[PDB]
Amino acid sequence: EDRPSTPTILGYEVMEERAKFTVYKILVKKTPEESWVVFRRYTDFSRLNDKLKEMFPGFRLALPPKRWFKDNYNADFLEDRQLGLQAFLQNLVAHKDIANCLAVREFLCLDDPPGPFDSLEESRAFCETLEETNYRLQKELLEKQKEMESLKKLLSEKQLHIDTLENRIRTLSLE
Amino acid sequence: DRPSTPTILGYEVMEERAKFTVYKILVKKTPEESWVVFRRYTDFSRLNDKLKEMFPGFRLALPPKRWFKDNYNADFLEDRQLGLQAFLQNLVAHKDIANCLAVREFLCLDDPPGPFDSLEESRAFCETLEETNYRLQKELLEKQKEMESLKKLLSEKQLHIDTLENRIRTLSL
């Protein structure tokens, strides 16, 4: 029960759902005895961070630039990305309140850490499988369609109210 | 005459470490020269979106999309194949739906794969889950743009509304 040392990113390797993904190997050390490795995608970092912006607005963390879906297999960058993520982890456990944070603990498996020979199992049980992502996406697009429709309705009604207000203002403008 | 009723031959469970169901569709033109097209539930749905796009007037059936419950079941698969079969009957039975760009690009009327080309044509026409998700996120972005613009206008209108109502309050006395 104290300061977690800066989790180390060893490197990354490209793995598969037979969609090719880049995954990062993060070694995290509890005590000089207990230590383990977790696999995280850039995306998992992004999600954790979004939850962090949500939970602690007061302190906000940097992350290297998103791919923007257009993929780069490239000099620097990927190295630069890893440096950035490493910085992210350092600052993330350096902040007294965001470190013992729950989502973070879930992220680094501080509570129920994976064993030496597992890491993959843990992996697959943390990141979103393609179907789940697809589902999530369809939810988001639909919800946006209904909501945006509701917004348009409110727009019409509020503008007509503006016409009413304007004319009554003319009426008590003369009298 | 012109290509009649594509009947679906069957299905096979495929993978890229996410499991596909693909449907083997038999497509004929004249008494001879028969060929095969490979399509998944995804593409059928896409085509259906295109028809609901250009031609609102008639809407076509498709078996229930199912998510979490087991994607591969006796009844579920059977109905899927049956319904899709129906979709096809309707798809070629109608005038202009037999000849339309998306429809011919779909059923490979012009350059149909006869030989092993079929497996090839698969990977060439269809959106795989990566591609599907990619596109879906692109769309989601654009929508968030549109809603950014709308919330901006609603904010303007509401600001004006409070301005007018305060003026009415001041001109009340």
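Residues numbered from 1 in each chain as written, not as in the entry; some residues may be left out. Chains lettered and ligands numbered in written order. Heavy atoms only, no water.

A.B. asks: Could you give an account of the overall build of chain A, naming the residues involved and the relevant values?
C.D. replies: When helices and strands are counted, chain A shows six helices and three strands. Along the chain direction, N to C, the helices and strands of chain A fall in the order β-β-β-α-α-α-α-α-α. Computed over its C-alpha atoms, the radius of gyration of chain A comes to 24 Å, more than 25% above the 16 Å expected for a compact globule of 175 residues. Each principal axis of the C-alpha distribution contributes one length, and for chain A these read about 85 × 40 × 35 Å. Taking the contacts inside chain A whose residues are at least 6 apart along the sequence as the reference set, 51% of them involve residues at least 24 apart. For chain A, the exposed area adds up to about 11500 Å²; of that, 50% sits on carbon and sulfur atoms. (Helix = DSSP H or I, 4+ residues; strand = E, 2+ residues; numbered from the N terminus. Rg over C-alpha atoms; globule rule 2.2 N^0.38 Å. Contact = heavy atoms within 4.5 Å. Areas by Shrake-Rupley, 256 points an atom, 1.4 Å probe, with all protein chains shown as cover.)

A.B. asks: An account of the UniProt feature "domain: PX" in chain A is needed here, citing residue identities and associated values.
C.D. replies: Under the local residue numbering, the UniProt record ascribes the feature "domain: PX" to residues 2-115 of chain A. Between the end C-alpha atoms of residues 2-115 of chain A there is a gap of 22 Å, over a span that is 36% helix and 23% strand. (UniProt positions renumbered as here; feature names shortened; annotations may be inferred.)

A.B. asks: Kindly report on the packing of aromatic side chains, identifying the contributing residues and their values.
C.D. replies: Inspection of the entire model under this criterion finds 12 aromatic pairs over all chains. Judged by centre distance (6.1 Å) and plane angle (65 degrees), the rings of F69 of chain A and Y134 of chain B are edge-to-face. Here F69 of chain A is found in the loop between helix 1 (42-55) and helix 2 (78-94), whereas its partner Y134 of chain B is found in helix 5 (residues 129-170) on a different chain. Accessibility expressed as a relative area gives 18% for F69 of chain A, which makes it buried. Both rings, one in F106 of chain B and one in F125 of chain B, keep their centres 6.2 Å apart while their planes meet at 80 degrees; by these two values the pair is edge-to-face. One end of the pair, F106 of chain B, is in helix 3 (residues 101-107); the other, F125 of chain B, is in helix 4 (residues 117-125), and 19 residues separate them in sequence. Here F125 of chain B falls in the partly exposed class, since its relative accessible area comes to 37%. Among the aromatic residues, those joined into a ring-pair cluster are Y12, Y24, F45, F88, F107 and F126 of chain A. Lying over the aromatic face of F126 of chain A, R40 of chain A brings its terminal NZ or CZ to 4.1 Å of the ring centre. (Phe/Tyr/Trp six-rings, centres within 6.5 Å; stacked < 30°, edge-to-face > 60°. Buried < 20%, exposed > 50% of the residue type's maximum accessible area, 1.4 Å probe, protein only. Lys NZ or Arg CZ within 6 Å of the ring centre and 35° of its normal.)

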